[PDB]
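All heavy atoms count here, side chains included; hydrogens, waters and symmetry mates do not. One is the number of the first residue; the rest follow in order along the sequence. Note that ligands are numbered from 1 as they come in the structure, with each ligand's atoms numbered from 1 the same way.
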Amino acid sequence: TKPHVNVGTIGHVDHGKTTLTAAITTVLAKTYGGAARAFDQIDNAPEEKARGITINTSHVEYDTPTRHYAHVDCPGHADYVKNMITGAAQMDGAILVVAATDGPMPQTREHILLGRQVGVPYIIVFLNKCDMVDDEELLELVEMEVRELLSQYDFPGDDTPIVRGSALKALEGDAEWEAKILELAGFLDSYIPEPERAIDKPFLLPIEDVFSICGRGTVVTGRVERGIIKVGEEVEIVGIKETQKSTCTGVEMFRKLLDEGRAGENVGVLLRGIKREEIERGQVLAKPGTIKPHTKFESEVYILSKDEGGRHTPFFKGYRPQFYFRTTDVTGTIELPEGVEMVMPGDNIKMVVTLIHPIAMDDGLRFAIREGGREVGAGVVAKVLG
Ligand SMILES: Nc1nc2c(ncn2[C@@H]2O[C@H](COP(=O)(O)OP(=O)(O)O)[C@@H](O)[C@H]2O)c(=O)[nH]1
Ligand SMILES: [Mg+2]
Ligand SMILES: [Mg+2]
């Protein structure tokens, strides 16, 4: 039915993210229905669990006339880091809250940086606490500083919608300020496009298993991650070895012969021109020339604290864990930032990883870091280096 969009409020502590989340729910409920949430209900965020990682996050839901929004708001900076790296849902857009009285602060920069790294594709700005600013030149200055900051991190700062408002005075009922929250919800709808459907994206099937129908050839099984594979279409086996080229001779779903396989479907893809022995764990089926195998990438990673079931001790330069991309662990070597000798449990770092085998990889791809079979961290491919 109506499109689902994943959003959230980012920005420095005390800039008014929680008050804004409340003001969004309240004003949108007061004008065209829904349930209004109080400041207190969003402020004391419950503890959420993402495979051992503990994150304090408030999940609020609100509707505009044409869209349904699942909104994330976190109490502290640490939760934002965790949520952007390992959180339940990847943001389709973010609302960056900047207090006009402070202007951009260290966490403002950090969240913009993380958002770029993690692939948050759109940012809208709410210039908060305007009820406290009497100097228009001060507002223009803050607004210019924010546009420059966004542009520095490859966001289109010159084209970014910036709403001047007051989350407090709007929760309070002041209609002149409540107009600006509707202006903000308007930009959520107009500026964040509906996220691309999995079925529309180029074909990708992570290979979960391989069998060989007698007389029909090699069957590669898995859940179609994206797009459609039609019988007769050319495919590439991208992964652990030199990329191979084949043709889909059939698609099967529990003995049912299909003409195609679509995203979200569990299917058997038949490849007449390949043998089982040529199929390796970590490999992927994909639309030729849509995904490249890489060994080297830049990632933003979060290391679990001992409390979260992770390490108790730090790791160093020679750390060689397993990187679980989609179906298998691949060992990698790590390059830490210049000046960094160790990484503590509970920390986030920018890591340059070199895998021992190439993996079909695109920016934004999430992985798990495992030592043995135990999860020690989670990460996101920020940049593919080769
Ligand atoms: N003057 C003013 N105070 C505000 C506004 N929005 C929030 N506040 C206050 O700023 C403080 C921090 O806001 P809050 O939403 O809890 O910040 P957060 O840490 O970013 O979530 C609280 O004392 C709020 O009452 C606003 O627009 N104007
Ligand atoms: Mg808050
Ligand atoms: Mg720490």
Side-chain angles (χ1 to χ4, degrees), residues 7-27 38-39 42-46 53-60 71-83 85 94-112 125-131 139 142 146 162-167 170-175 177 179 183-184 301-305 307-308 310-315 336-337 340 342-349 376-377:
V7 294
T9 40
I10 54 154
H12 200 87
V13 66
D14 307 323
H15 279 211
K17 300 179 296 304
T18 306
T19 311
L20 184 60
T21 304
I24 297 161
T25 307
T26 306
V27 172
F39 172 82
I42 307 156
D43 197 43
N44 45 80
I53 302 133
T54 294
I55 322 175
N56 295 281
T57 168
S58 276
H59 290 268
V60 197
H71 182 121
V72 164
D73 177 69
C74 304
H77 176 71
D79 303 308
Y80 281 111
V81 175
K82 297 189 190 183
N83 204 270
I85 302 174
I95 298 148
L96 176 75
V97 185
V98 181
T101 53
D102 286 39
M105 292 295 288
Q107 300 159 14
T108 315
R109 180 174 307 274
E110 278 154 27
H111 294 185
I112 292 164
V125 184
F126 188 83
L127 192 48
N128 198 37
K129 306 184 177 185
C130 289
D131 53 293
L139 290 185
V142 172
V146 173
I162 298 188
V163 176
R164 280 174 186 188
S166 175
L171 203 33
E172 275 183 2
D174 302 21
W177 287 122
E183 189 176 312
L184 184 74
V301 323
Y302 172 73
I303 293 93
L304 310 217
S305 55
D307 322 73
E308 283 164 338
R311 286 200 147 242
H312 318 298
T313 56
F315 60 79
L336 292 177
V340 180
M342 47 179 238
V343 180
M344 296 291 299
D347 292 352
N348 71 289
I349 34 108
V376 290

Min N/O separation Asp43 to ligand 1 under 3.5 Å
no
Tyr80 OH to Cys74 SG distance, which is reported to the nearest 0.5 Å:
5.0 Å
In this structure, CD1 of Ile10 is separated from CG of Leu96 (nearest 0.5 Å) by 4.5 Å
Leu20-ligand 1 polar pair, N/O distance under 3.5 Å
no
In this structure, is the centre-to-centre distance between the rings of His12 and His111 below 6.0 Å?
no
Between CG on residue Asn128 and NE2 on residue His15, distance to nearest 0.5 Å:
9.0 Å
Hey, which atoms in ligand 1 end up nearer than 4.0 Å to a heavy atom of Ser166?
26 (C), 27 (O), 28 (N)
If you measure from atom 15 (O) of ligand 1 to every heavy atom of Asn128, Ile10, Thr19, which option wins on shortest distance?
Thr19
Could you tell me which atoms of ligand 1, counted from 1 in the order shown, lie closer than 4.0 angstrom to a heavy atom of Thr18?
15 (O), 21 (O)
Geometric N/O contact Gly16 with ligand 1, under 3.5 angstrom:
yes
Regarding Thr21, does it place an N, O or S atom less than 2.8 Å from the Mg ion (ligand 2)?
no
Please identify which atoms of ligand 1 are closer than 4.0 Å to at least one heavy atom of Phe39.
15 (O), 16 (O)
Determine whether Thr9 and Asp73 satisfy the following criterion, side chain to side chain donor-acceptor pair (under 3.5 Å), listing intermediate values before the conclusion.
CA-CA 5 Å; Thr9 40; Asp73 177 69; 2.9 Å; yes
Nearest-0.5 Å distance, CG of residue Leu171 to OG1 of residue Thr26:
4.5 Å
Per atom 26 (C) of ligand 1, closest listed option by heavy atom (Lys129, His12, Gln107, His77)
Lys129
Per-atom contacts of ligand 1 with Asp131, taking only distances under 4.0 Å to non-hydrogen atoms:
1 (N), 2 (C), 26 (C), 27 (O), 28 (N)
Take every heavy atom of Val97, measure it against each atom of ligand 1, and state whether any distance is under 4.0 Å.
no
Does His71 use its side chain to pair, donor to acceptor, with the backbone of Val7 at less than 3.5 Å?
no
